[PDB]
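Undergrad: Chains as they are written, first to last, in the working numbering: chain B, 1 to 282; chain D, 1001 to 1082; chain W, 2001 to 2136; chain Z, 3001 to 3136; chain Y, 4001 to 4401. Cβ atoms here follow ideal geometry from the backbone N, Cα and C, with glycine treated the same way. Structure in structure tokens, see below.
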Ligand SMILES: [K+]
Ligand SMILES: [K+]
Ligand SMILES: [Mg+2]
Ligand SMILES: [Mg+2]
Ligand SMILES: [Mg+2]
Ligand SMILES: [Mg+2]
Ligand SMILES: [Mg+2]
Ligand SMILES: [Mg+2]
Ligand SMILES: [Mg+2]
Ligand SMILES: [Mg+2]
Ligand SMILES: [Mg+2]
């Protein structure tokens, strides 16, 4: 006789920020991105008149990367008697909790600080909403290339007959493979789809976090369910003292027969140009 | 921090499985108080084990007072009609 | 105290942070997260309803006479409150295995301060900063 | 708080000893050595006068909404006082970002004990030994 | 068939490390076993010395046909390689040692300032971990190194490092296994029993004096009173000449040395550990009944020599393929597709058995083959090298006839 030496996994959240934004590996926890002023129009003037100067001017987007941390501690008796490697399992949980943290920092900047909005007002929430939101960014003379999406928005979108009927979509891929269909990442001039999890956005209900301004969702009047944006104009800034990325320490308490694992990373997320982004609203 | 006895950790403990199996194999009834110590009931969460006597081998074993045919120790769940 | 995830109920990890762990003997059966006090020589039992009875919180379920790990003062703990509470509230053992506020109790001073508010019958996060004994 | 050596002024290191250092969100802009209390869920703001509002001292300058490290009630610290203090004086927050004695305050119990005396506006050395919350 | 692997390989991690099958902490744990010294470290050093301590030889098939002017002077590829790697006997022992302790040996190619080849330079294996693709091949190397009070970390491409794996989970395993971590429980069992024995020898290995004072059921003796007795009977001041005089109500009892078989515990630990590390028990300075002679001996030394041969073959191939061929290709006028072999010598040859063989069957071997078996330079004259009868026998005839 031997036990079922297995553990069933819990829910695992979608991790995309590191692909769905410009990642800066910063040399310092605090820093600046220089921004140039917008284009203008040359002045009409008379012959012999002085050329009036109206040169480039500059400003910065500052970053202040905040340390996200997660950890655990177990007695050595528990390590020795565990059904599976508790240190390996806690290392995985710590790594996952930091990556989830990055995705929360990213999505909360992305959703709160987009400078344009398409209010669907119920109604035409499928392809027409994505096209409309591209139109909102296009009116500010940027162009988007990516969209970030809530599960309820995805569900609405894949019910749209324009995508669900193979003749209207040009392929049956959405009907067959749903979000894994290549057209879902090649729609309305956008060349990337970044599927998010529902829990990712900062509601301020989770401990240690103070909420964003919006509601992430797509089921009730006023929810923001997708963001259409320029991937080059949203920055995720990662800082680490001892390398480039997430650092996990495995340690023993010096005196108490306790072992633990602790993870850290510093992260900030900032728009370069918030005008390059539009939310879609229910 | 989580100790070996802490409530969130019990399912990871090899002993928690082994002694719950031991308790199932050793009971005659679901009535824990008559069979197990308060220590055993708390440490191994025996309320939540499906203890009832149905997994004790001795529930099924012949234990006759006069045994002419040398037949004591036979287990009924090994008969051909089972 | 317990958290729900689908079908599943998970016990909460009682001790959030804290260097202050000590072992006593259970004077009675006790359960994880109960406030407790000295009831005999190194013997620990459930706190009654007002001041003068608090040494720490029990970290795991015990029968009577078993060794008990306490989280003492200097620890941050996830504890159930019998009352709605807010950050900066001082809290005190309730006599019911929960805590309640000092403001609700007959006492004038608490043992832990709420860092993260909770509804009645719900898990707050609090920092234990004092112990209380017999002063008469 | 600052120290002079020749022409030069240096920042004072707030923490002398102790390991009870804990993380909160700043509810407002805060400055090194400033006493703070819980203004919300894991959020701290500058302490008002006369007690009931102290969790620890802010260890480095922060803007509003930044994460902040805080020295708790096992730490030994260098802190600025609004009045003359002497060894064995109990002290607590002024409302002015400094500390004053329990003797001058309307409160009856302190949060730190002065280990080295200092004049008004100078830096004393003190050991933080309690926290104070809402008791009503 | 196909030009790309189509079975999957169980290795592409979920995290943002490439799964980190071992982490930098585990690599420091191997380094900590190695630097701790004592009996465990000496056994694993004997393992390195058996596998790689006997040195090496380079062969090329058709080496004579490679004759080419390298720098006005002619060389063969073997001559060029022997000049490219002057101290290969040390390098083979060093890399082979590391590749037994750690999952891999690893290093750089290095150049002179002029850009001619300098050396294959090993890198500290506990500082480096590989990152690998969905078909299991290493794509990048991630390096973490100590600095004052902390760490510096960097990433390097697989393009310009090289690596060698002796112990593998599968023939596809490009990452390998540490024999230390594979046997960490036996190492712990050994070390814990060592400490337990040491403490028991102090408490129980030596008799201790117990003076009992006062009459049984008579007057009680207090601590104050025992201090005066302690002054009289103090071992720190006693000698072989010392005699004692007492009333009837003083008793000098002895706690005997309480015998336990620490020798049997050590021998059991050493049996478990040597067998776990694949060494014969004899390597641990422990003997055994019915195992010292005859077929019982010959088997264990055969098993040892087979293990050594298997490790040597595994190392030789990877050193030629991942180190020598790139160096020939990139810094040499010779063909890198030449049939290079690196042999590593058998540590347990009896030259007397070789000499017996040469006497018995030399009449069927060329003088070159005899020189190879005898570990000598082949004869200068290719005719005498190629011939079967002895060079001394050809000399006496060529002179005498
Ligand atoms: K009451
Ligand atoms: K005042
Ligand atoms: Mg700046
Ligand atoms: Mg002019
Ligand atoms: Mg202008
Ligand atoms: Mg606009
Ligand atoms: Mg499919
Ligand atoms: Mg101290
Ligand atoms: Mg602490
Ligand atoms: Mg303390
Ligand atoms: Mg008497």
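By DSSP, does residue 194/B sit in helix, in strand, or in coil?
TA: strand
Undergrad: Considering only their Cβ atoms, is the gap separating residue 117/B from residue 279/B smaller than 7 angstroms?
TA: yes
Undergrad: For residue 4288/Y and residue 4347/Y, I'd like the C-alpha separation in whole angstroms.
TA: 23 angstroms
Undergrad: Pull up the DSSP beta-bridge partners for residue 2078/W, would you.
TA: Bridge partners of residue 2078/W according to DSSP: 2125/W.
Undergrad: What residue from 1012/D, 1060/D and 1040/D has the CA that sits closest to residue 966/D's CA?
TA: Past the edges of chain D, shown from 1001 to 1082, lies residue 966/D, and the structure says nothing about it.
Undergrad: Any beta carbon of chain A sitting closer than 7 angstroms to that of residue 1012/D?
TA: Given the protein chain composition of this structure (B, D, W, Z and Y), no chain A is represented.
Undergrad: For residue 3099/Z, is the classification buried or exposed, using 16 other Cβ atoms within 10 angstroms of its Cβ as the cut-off for buried?
TA: With 16 or more other Cβ atoms within 10 Å, it is buried.
Undergrad: Compare the C-beta of residue 3027/Z with all C-beta atoms of chain W and state if any pair is closer than 7 angstroms.
TA: no
Undergrad: Can you list, in chain order, the residues of its chain whose CB lies under 6 angstroms from that of residue 4262/Y, leaving out five sequence neighbours each side?
TA: 4197
Undergrad: To which residues of the same chain is residue 4363/Y closer than 8 angstroms at the C-beta, ignoring the five residues directly before and after it?
TA: Same-chain partners within the cutoff: 4388 and 4389.
Undergrad: Any chance the segment 3089-3107 of chain Z sits against the segment 2070-2078 of chain W, with 3 or more Cβ pairs inside 8 angstroms?
TA: no
Undergrad: Just tell me which of 276/B, 199/B and 49/B has its CA closest to the CA of residue 108/B.
TA: 199/B
Undergrad: Go through its chain and collect everything with a Cβ distance to residue 4103/Y's Cβ below 7 angstroms, but skip five positions before and after it.
TA: 4022, 4165, 4175, 4176, 4177 and 4178
Undergrad: Over what stretch of residues does the alpha helix (DSSP H) that includes residue 3005/Z continue unbroken?
TA: Residue 3005/Z -> not in any alpha helix (DSSP H); beta strand (DSSP E) instead, spanning 3002-3005.
Undergrad: DSSP has residue 4129/Y in a bridge; who is on the other side?
TA: 4142/Y
Undergrad: Along the alpha helix (DSSP H) that carries residue 4046/Y, what are the first and last residues, could you check?
TA: 4038-4052
Undergrad: Does the segment 92-100 of chain B touch the segment 173-186 of chain B, meaning 3 or more C-beta pairs lie closer than 8 angstroms?
TA: no
Undergrad: Just to confirm, does residue 4219/Y get its C-beta within under 6 angstroms of one of the non-hydrogen atoms of ligand 11?
TA: yes
Undergrad: For the segment 61-78 of chain B, enumerate the residues whose C-beta is nearer than 8 angstroms to any C-beta of chain D, in chain order.
TA: 72, 73, 74, 75, 77 and 78
Undergrad: Using a threshold of 6 angstroms, is the CB atom of residue 2072/W nearer than that to any non-hydrogen atom of ligand 8?
TA: no
Undergrad: Return helix, strand or coil for residue 4308/Y, following the three-state DSSP convention.
TA: helix
Undergrad: DSSP three-state call for residue 4365/Y: helix, strand or coil?
TA: For residue 4365/Y, the three-state secondary structure derived from DSSP is coil.
Undergrad: Got a sec? Which residues, its chain only, sit under 8 angstroms from residue 86/B by beta carbon, not counting five neighbours each side?
TA: Here the set comprises 74, 78 and 79.
Undergrad: Under a three-way DSSP split, which group does residue 2099/W fall into?
TA: strand
Undergrad: Would you call residue 8/B buried or exposed, if buried means 16 or more other Cβ atoms sit within 10 Å of its Cβ?
TA: Exposed, since its Cβ has fewer than 16 Cβ neighbours within 10 Å.
Undergrad: Assuming residue 4191/Y is part of the alpha helix (DSSP H), what are its boundary residues?
TA: Counting along the chain, the alpha helix (DSSP H) containing residue 4191/Y begins and ends at 4184-4204.
Undergrad: Are residue 2123/W and residue 2012/W close, meaning C-beta to C-beta below 7 angstroms?
TA: yes
Undergrad: For residue 286/B, decide whether its Cβ has a neighbour in chain W, counting only Cβ atoms nearer than 7 angstroms.
TA: The requested residue 286/B does not occur in the structure, where chain B is confined to residues 1 to 282.
Undergrad: Under a criterion of Cβ closer than 7 angstroms to any non-hydrogen atom of ligand 3, which residues qualify, in chain order?
TA: 30/B, 31/B, 32/B, 60/B and 62/B
Undergrad: Distance, Cα to Cα, residue 4066/Y vs residue 4274/Y?
TA: 46 angstroms
Undergrad: Of all the residues that make up the segment 4149-4173 of chain Y, which are near chain B by a beta-carbon distance shorter than 9 angstroms?
TA: 4150, 4151, 4152, 4153, 4154 and 4155
Undergrad: I need the boundaries of the alpha helix (DSSP H) containing residue 4075/Y, first residue and last residue.
TA: No alpha helix (DSSP H) holds residue 4075/Y; the beta strand (DSSP E) holding it covers 4073-4075.
Undergrad: Kindly say whether residue 1035/D, judged by its beta-carbon, lies nearer than 7 angstroms to any beta-carbon of chain B.
TA: no
Undergrad: DSSP three-state label for residue 4295/Y, please.
TA: helix
Undergrad: Please check if any C-beta of chain W sits within less than 7 angstroms of the C-beta of residue 3110/Z.
TA: no
Undergrad: Going along the chain, which unbroken runs of the beta strand (DSSP E) with 3 or more residues stay wholly within the segment 3018-3087 of chain Z?
TA: 3021-3026, 3035-3040, 3043-3046, 3056-3058, 3067-3071 and 3076-3080
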